[PDB]
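**Student:** Right, I'll just put the structure down here and ask away after.
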Amino acid sequence: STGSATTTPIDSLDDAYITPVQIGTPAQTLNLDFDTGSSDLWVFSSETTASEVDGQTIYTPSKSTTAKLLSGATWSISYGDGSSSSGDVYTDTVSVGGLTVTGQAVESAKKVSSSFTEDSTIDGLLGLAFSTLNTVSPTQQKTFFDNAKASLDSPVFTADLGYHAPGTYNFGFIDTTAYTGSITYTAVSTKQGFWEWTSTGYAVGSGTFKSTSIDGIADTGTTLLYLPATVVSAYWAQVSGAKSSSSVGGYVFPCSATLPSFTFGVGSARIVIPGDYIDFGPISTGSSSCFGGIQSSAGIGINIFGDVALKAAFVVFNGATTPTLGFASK
């Protein structure tokens, strides 16, 4: 089997991407944030504290003839941005782009933190990291991809995120029309539960490539590109007036600037992020200070190849017995 679904930016900055997902019988369609950096499929629901719902579409398990309470199971998750959610668990039928999994754990939120409530466009998350990170207790649950894998024509999914435009998540096949050149595959460590890999270096603008190993994670659920402070300083030094602002929380730059590109290495291959992809707009409405799309990971503990990086590539998440990642230009 295969599946193919369009993913759409939630706003004009590409802060996140939403993909329609059918849950239950009859189908209830929710727009979920596909997140290769976590492993829980959770949704706003009829169980979510009412004051914490503000415009999201909810899953109502009592209206699904295939929903079953997973007795005794609870979940609770905290994300790197400080947001969180928790609740109980149902199993139900879940379909993405024509690919159907029966018995998928659908984690129903009883509580969500303020950032989730405040974002009316995201009805929940669909985790695509390794199932070892799934938070369901006392019986850990499998991701949608893990449950689908055996049925897929090939045990892969691909992320093709757009810049200020829709893109595609495919399951079970590699669309050879969706990228240019060849796909370069690189090794993955699953030891932390992430799609963790090692970039071979970087360049800023038309500058020379610096060969250096950068371990990080391919994370569709993180907006920006978080890299070591040395790399980030070298990038922003090429932008007149750019500075790191403790009060804003990262590098800012004059909105009048034209940003240089940023290149990252995948083996001997190179992925070029155009400068425009690194502009996240005014820090507050009407400001002439703009927020940068490349930020230091120094306070995180891990480097994160988020959407800024991934949207410059066609990315293969290869879930073969030994997982690997593939990157192609597009």
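By order of appearance in the structure tokens: chains A, B, ..., then residues from 1 within every chain, and ligands from 1 in the order shown.
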Please build the interface table for range 176-227 of chain A against range 114-127 of chain A with a cut-off of 12 Å, listing for each qualifying residue the nearest atom pair and the distance in Å to one decimal; count only C-alpha atoms, order rows by chain and increasing number, and write it as a Markdown table.

**Tutor:**
```
| residue | atom | partner | partner_atom | distance |
| --- | --- | --- | --- | --- |
| A:193 | CA | A:127 | CA | 11.5 |
| A:194 | CA | A:127 | CA | 10.8 |
| A:195 | CA | A:127 | CA | 11.9 |
| A:219 | CA | A:127 | CA | 10.2 |
| A:220 | CA | A:127 | CA | 9.7 |
| A:221 | CA | A:127 | CA | 8.8 |
```

**Student:** Just N, CA and C atoms for this one: save the residues we selected as a PDB file, in the first residue's frame.

**Tutor:**
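Full text of out.pdb as output:
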```pdb
ATOM      1  N   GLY A 193      15.928   8.026  20.002  1.00  0.00           N
ATOM      2  CA  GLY A 193      14.582   7.964  19.479  1.00  0.00           C
ATOM      3  C   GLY A 193      14.293   8.883  18.319  1.00  0.00           C
ATOM      4  N   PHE A 194      15.280   9.630  17.836  1.00  0.00           N
ATOM      5  CA  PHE A 194      15.101  10.613  16.777  1.00  0.00           C
ATOM      6  C   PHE A 194      15.701  10.102  15.476  1.00  0.00           C
ATOM      7  N   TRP A 195      15.351  10.796  14.392  1.00  0.00           N
ATOM      8  CA  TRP A 195      16.029  10.653  13.109  1.00  0.00           C
ATOM      9  C   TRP A 195      17.302  11.490  13.192  1.00  0.00           C
ATOM     10  N   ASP A 219      13.706  17.176  11.984  1.00  0.00           N
ATOM     11  CA  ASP A 219      12.530  17.411  12.826  1.00  0.00           C
ATOM     12  C   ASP A 219      11.531  18.320  12.114  1.00  0.00           C
ATOM     13  N   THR A 220      10.523  17.708  11.491  1.00  0.00           N
ATOM     14  CA  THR A 220       9.520  18.483  10.778  1.00  0.00           C
ATOM     15  C   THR A 220       8.646  19.295  11.722  1.00  0.00           C
ATOM     16  N   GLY A 221       8.626  18.958  13.004  1.00  0.00           N
ATOM     17  CA  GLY A 221       7.831  19.679  13.971  1.00  0.00           C
ATOM     18  C   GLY A 221       8.503  20.870  14.611  1.00  0.00           C
TER      19      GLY A 221
END
```

**Student:** For residue 134 in chain A, work out the shell of residues within 10 Å, counting only C-alpha atoms and skipping chain neighbours fewer than 3 positions away, then give it as an mmCIF file with N, CA and C atoms, in the first residue's frame.

**Tutor:**
```
data_model
loop_
_atom_site.group_PDB
_atom_site.id
_atom_site.type_symbol
_atom_site.label_atom_id
_atom_site.label_comp_id
_atom_site.auth_asym_id
_atom_site.auth_seq_id
_atom_site.Cartn_x
_atom_site.Cartn_y
_atom_site.Cartn_z
ATOM 1 N N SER A 38 8.764 13.661 17.374
ATOM 2 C CA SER A 38 8.063 13.055 18.500
ATOM 3 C C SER A 38 7.295 11.846 17.998
ATOM 4 N N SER A 39 6.651 11.127 18.929
ATOM 5 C CA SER A 39 6.136 9.805 18.590
ATOM 6 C C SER A 39 4.743 9.542 19.140
ATOM 7 N N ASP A 40 3.969 10.594 19.407
ATOM 8 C CA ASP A 40 2.596 10.493 19.874
ATOM 9 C C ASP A 40 1.681 11.083 18.813
ATOM 10 N N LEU A 41 0.585 10.388 18.531
ATOM 11 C CA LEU A 41 -0.505 10.918 17.723
ATOM 12 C C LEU A 41 -1.567 11.352 18.720
ATOM 13 N N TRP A 75 -1.359 9.394 28.744
ATOM 14 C CA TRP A 75 -0.203 9.949 28.060
ATOM 15 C C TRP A 75 0.014 11.366 28.559
ATOM 16 N N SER A 76 1.255 11.822 28.430
ATOM 17 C CA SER A 76 1.623 13.161 28.865
ATOM 18 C C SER A 76 2.940 13.502 28.200
ATOM 19 N N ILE A 77 2.988 14.635 27.509
ATOM 20 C CA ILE A 77 4.150 14.965 26.701
ATOM 21 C C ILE A 77 4.503 16.431 26.894
ATOM 22 N N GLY A 127 3.021 11.988 15.426
ATOM 23 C CA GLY A 127 4.451 11.761 15.608
ATOM 24 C C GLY A 127 4.992 10.711 14.653
ATOM 25 N N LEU A 128 6.186 10.984 14.142
ATOM 26 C CA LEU A 128 6.857 10.147 13.157
ATOM 27 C C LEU A 128 8.307 9.854 13.525
ATOM 28 N N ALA A 129 8.710 10.141 14.763
ATOM 29 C CA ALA A 129 9.973 9.648 15.291
ATOM 30 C C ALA A 129 9.806 8.179 15.686
ATOM 31 N N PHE A 130 10.786 7.625 16.385
ATOM 32 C CA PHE A 130 10.750 6.200 16.687
ATOM 33 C C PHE A 130 9.825 5.924 17.868
ATOM 34 N N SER A 131 9.157 4.765 17.830
ATOM 35 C CA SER A 131 8.112 4.497 18.813
ATOM 36 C C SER A 131 8.646 4.382 20.240
ATOM 37 N N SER A 137 1.399 5.229 28.754
ATOM 38 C CA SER A 137 1.682 4.402 29.904
ATOM 39 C C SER A 137 0.400 3.698 30.322
ATOM 40 N N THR A 139 1.481 0.888 28.716
ATOM 41 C CA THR A 139 1.818 0.108 27.532
ATOM 42 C C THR A 139 2.131 1.082 26.411
ATOM 43 N N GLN A 140 3.408 1.201 26.072
ATOM 44 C CA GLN A 140 3.822 2.129 25.028
ATOM 45 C C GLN A 140 3.185 1.729 23.708
ATOM 46 N N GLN A 141 2.824 2.733 22.909
ATOM 47 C CA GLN A 141 2.133 2.533 21.647
ATOM 48 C C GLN A 141 3.031 2.875 20.460
ATOM 49 N N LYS A 142 2.671 2.319 19.305
ATOM 50 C CA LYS A 142 3.411 2.511 18.065
ATOM 51 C C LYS A 142 2.908 3.718 17.280
ATOM 52 N N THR A 143 3.825 4.347 16.548
ATOM 53 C CA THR A 143 3.436 5.431 15.658
ATOM 54 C C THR A 143 2.642 4.903 14.465
ATOM 55 N N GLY A 193 15.928 8.026 20.002
ATOM 56 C CA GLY A 193 14.582 7.964 19.479
ATOM 57 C C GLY A 193 14.293 8.883 18.319
#
```

**Student:** Give me the range 40-147 of chain A side of the contact with range 291-312 of chain A, cut-off 12 Å, one line per residue showing its nearest atom pair and distance in Å at one decimal, counting only C-alpha atoms, sorted by chain and residue number, as JSON lines.

**Tutor:**
```
{"residue": "A:79", "atom": "CA", "partner": "A:300", "partner_atom": "CA", "distance": 11.4}
{"residue": "A:80", "atom": "CA", "partner": "A:300", "partner_atom": "CA", "distance": 7.8}
{"residue": "A:81", "atom": "CA", "partner": "A:300", "partner_atom": "CA", "distance": 9.7}
{"residue": "A:82", "atom": "CA", "partner": "A:300", "partner_atom": "CA", "distance": 11.4}
```

**Student:** Please produce an output containing N, CA and C atoms for each residue in the selection, written as a PDB file, in the first residue's frame.

**Tutor:**
```
ATOM      1  N   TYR A  79       7.149  19.306  25.028  1.00  0.00           N
ATOM      2  CA  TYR A  79       7.946  19.540  23.840  1.00  0.00           C
ATOM      3  C   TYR A  79       9.048  20.551  24.122  1.00  0.00           C
ATOM      4  N   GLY A  80      10.023  20.591  23.211  1.00  0.00           N
ATOM      5  CA  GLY A  80      11.193  21.432  23.387  1.00  0.00           C
ATOM      6  C   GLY A  80      10.889  22.912  23.476  1.00  0.00           C
ATOM      7  N   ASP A  81       9.723  23.341  23.001  1.00  0.00           N
ATOM      8  CA  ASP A  81       9.321  24.737  23.095  1.00  0.00           C
ATOM      9  C   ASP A  81       8.578  25.048  24.386  1.00  0.00           C
ATOM     10  N   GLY A  82       8.508  24.096  25.315  1.00  0.00           N
ATOM     11  CA  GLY A  82       7.843  24.310  26.579  1.00  0.00           C
ATOM     12  C   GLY A  82       6.359  24.022  26.575  1.00  0.00           C
TER      13      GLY A  82
END
```

**Student:** Set the distance at 9 Å and use only C-alpha atoms: which residues neighbour residue 262 in chain A once local chain neighbours fewer than 5 positions away are removed? I'd like the list as a PyMOL selection string.

**Tutor:** chain A and resi 202-206+235+271-275+278+309

**Student:** From the options A:324, A:7, A:22, A:151, which residue's atoms come nearest to residue 197 in chain A, counting only C-alpha atoms?

**Tutor:** A:324

**Student:** Quick one: residues within 6 Å of residue 106 in chain A, only C-alpha atoms, excluding same-chain residues fewer than 4 positions away - as a CSV table (one decimal) with C-alpha atoms, in the first residue's frame?

**Tutor:**
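See selection_5.csv below for the written result:
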```csv
chain,number,residue,atom,x,y,z
A,41,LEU,CA,-0.5,10.9,17.7
A,42,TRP,CA,-2.7,13.2,19.9
A,89,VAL,CA,-6.1,6.9,24.8
A,90,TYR,CA,-8.5,5.2,22.2
A,91,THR,CA,-7.7,2.9,19.4
```

**Student:** Please provide as number ranges by chain all residues within 10 Å of residue 179 in chain A, with the sequence filter that same-chain residues fewer than 3 positions apart are discarded (counting only C-alpha atoms).

**Tutor:** A: 160, 174-176, 182-183, 313-315, 327-330

**Student:** Run DSSP on the backbone and give me the residues of range 118-303 of chain A it puts in strand (DSSP E), as a PyMOL selection string.

**Tutor:** chain A and resi 124-127+156-160+167-171+184-187+196-204+210-218+225-227+243-245+250-254+262-266+269-273+279-282+289-292+294-296+303

**Student:** Considering only C-alpha atoms, state which residue in the set A:251, A:236, A:157, A:44 is at the smallest distance from residue 87 in chain A.

**Tutor:**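 When distances to residue 87 in chain A are compared using only C-alpha atoms, the smallest one comes from A:44.
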
**Student:** Counting only C-alpha atoms, what is within 8 Å of residue 92 in chain A, bar same-chain residues fewer than 3 positions away, as a ChimeraX atom specification?

**Tutor:** /A:23-24,66-68,102-106

**Student:** Mind dumping the selected residues with N, CA and C atoms as an mmCIF file, in the first residue's frame?

**Tutor:**
```
data_model
loop_
_atom_site.group_PDB
_atom_site.id
_atom_site.type_symbol
_atom_site.label_atom_id
_atom_site.label_comp_id
_atom_site.auth_asym_id
_atom_site.auth_seq_id
_atom_site.Cartn_x
_atom_site.Cartn_y
_atom_site.Cartn_z
ATOM 1 N N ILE A 23 -9.899 10.146 11.016
ATOM 2 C CA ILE A 23 -9.920 9.348 12.234
ATOM 3 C C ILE A 23 -11.344 8.848 12.460
ATOM 4 N N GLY A 24 -11.496 7.542 12.661
ATOM 5 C CA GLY A 24 -12.777 7.005 13.070
ATOM 6 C C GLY A 24 -13.704 6.650 11.927
ATOM 7 N N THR A 66 -15.787 2.627 15.459
ATOM 8 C CA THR A 66 -14.577 1.827 15.553
ATOM 9 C C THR A 66 -13.678 2.250 16.705
ATOM 10 N N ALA A 67 -14.038 3.295 17.446
ATOM 11 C CA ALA A 67 -13.232 3.725 18.578
ATOM 12 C C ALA A 67 -13.400 2.768 19.752
ATOM 13 N N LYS A 68 -12.298 2.487 20.437
ATOM 14 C CA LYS A 68 -12.326 1.682 21.646
ATOM 15 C C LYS A 68 -11.389 2.303 22.668
ATOM 16 N N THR A 102 -5.641 0.270 10.998
ATOM 17 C CA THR A 102 -6.636 -0.032 12.014
ATOM 18 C C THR A 102 -5.947 -0.240 13.363
ATOM 19 N N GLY A 103 -6.664 0.067 14.439
ATOM 20 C CA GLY A 103 -6.100 -0.088 15.766
ATOM 21 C C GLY A 103 -5.005 0.887 16.135
ATOM 22 N N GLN A 104 -4.942 2.042 15.486
ATOM 23 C CA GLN A 104 -3.953 3.045 15.843
ATOM 24 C C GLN A 104 -4.305 3.684 17.180
ATOM 25 N N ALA A 105 -3.300 3.875 18.032
ATOM 26 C CA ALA A 105 -3.513 4.625 19.264
ATOM 27 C C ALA A 105 -3.712 6.097 18.933
ATOM 28 N N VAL A 106 -4.878 6.608 19.300
ATOM 29 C CA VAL A 106 -5.255 8.004 19.144
ATOM 30 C C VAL A 106 -5.340 8.562 20.550
#
```

**Student:** Between A:73, A:234, A:94, A:161, which one has atoms that come closest to residue 8 in chain A, using only C-alpha atoms?

**Tutor:** A:161

**Student:** Quick one: everything within 12 Å of residue 166 in chain A, counting only C-alpha atoms, minus sequence neighbours fewer than 4 positions away in the same chain. Send it as number ranges by chain.

**Tutor:** A: 5-12, 14, 16-19, 159-162, 311

**Student:** Identify which of the residues A:178, A:188, A:150, A:231 lies closest to residue 209 in chain A, counting only C-alpha atoms when measuring atom-to-atom distances.

**Tutor:**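 Of all the options, A:231 lies closest to residue 209 in chain A.
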
**Student:** Run DSSP on the backbone and give me the residues of range 92-319 of chain A it puts in helix (DSSP H, G or I), as a PyMOL selection string.

**Tutor:** chain A and resi 114-117+131-133+144-151+229-236+275-278+307-310

**Student:** With C-alpha atoms kept, could you save the residues just selected as a compact mmCIF listing (two decimals), in the first residue's frame?

**Tutor:**
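Result file is part.txt:
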```
# COMPACT_ATOMS: atom_id res chain seq x y z
CA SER A 114 -1.67 27.70 26.16
CA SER A 115 0.33 27.64 22.92
CA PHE A 116 -1.83 24.81 21.60
CA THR A 117 -5.06 26.55 22.58
CA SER A 131 8.11 4.50 18.81
CA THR A 132 10.55 4.23 21.74
CA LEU A 133 9.67 7.89 22.46
CA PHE A 144 1.26 5.53 12.56
CA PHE A 145 4.32 4.79 10.42
CA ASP A 146 5.39 1.86 12.61
CA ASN A 147 1.89 0.36 12.37
CA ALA A 148 1.71 0.89 8.59
CA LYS A 149 5.27 -0.16 7.76
CA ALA A 150 4.69 -3.86 7.07
CA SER A 151 1.87 -3.07 4.64
CA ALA A 229 26.78 28.87 18.26
CA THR A 230 29.98 28.99 16.18
CA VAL A 231 28.09 28.17 12.97
CA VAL A 232 25.23 30.55 13.73
CA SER A 233 27.63 33.41 14.53
CA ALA A 234 29.44 32.83 11.24
CA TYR A 235 26.11 33.07 9.39
CA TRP A 236 24.79 36.24 11.03
CA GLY A 275 18.31 33.40 2.09
CA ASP A 276 14.59 34.16 1.90
CA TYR A 277 13.82 30.92 3.77
CA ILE A 278 15.72 32.37 6.76
CA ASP A 307 11.55 23.12 8.65
CA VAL A 308 13.91 25.91 7.48
CA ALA A 309 16.41 23.21 6.47
CA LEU A 310 14.05 20.40 5.50
```

**Student:** So, with only C-alpha atoms as the atoms that count, which of A:170, A:223, A:25, A:258 lies closest to residue 239 in chain A?

**Tutor:**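 Smallest separation from residue 239 in chain A among the options: A:258.
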
**Student:** Quote the spacing between CA of residue 177 in chain A and CA of residue 95 in chain A in Å to one decimal place.

**Tutor:** 24.2 Å

**Student:** Using only C-alpha atoms, find the one residue out of A:268, A:60, A:263, A:168 that sits nearest to residue 96 in chain A.

**Tutor:**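 Among A:268, A:60, A:263, A:168, it is A:168 that comes nearest to residue 96 in chain A.
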
**Student:** Can you measure CA of residue 135 in chain A to CA of residue 158 in chain A for me? One decimal in Å is fine.

**Tutor:**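 One can read the CA of residue 135 in chain A to CA of residue 158 in chain A distance as 24.1 Å.
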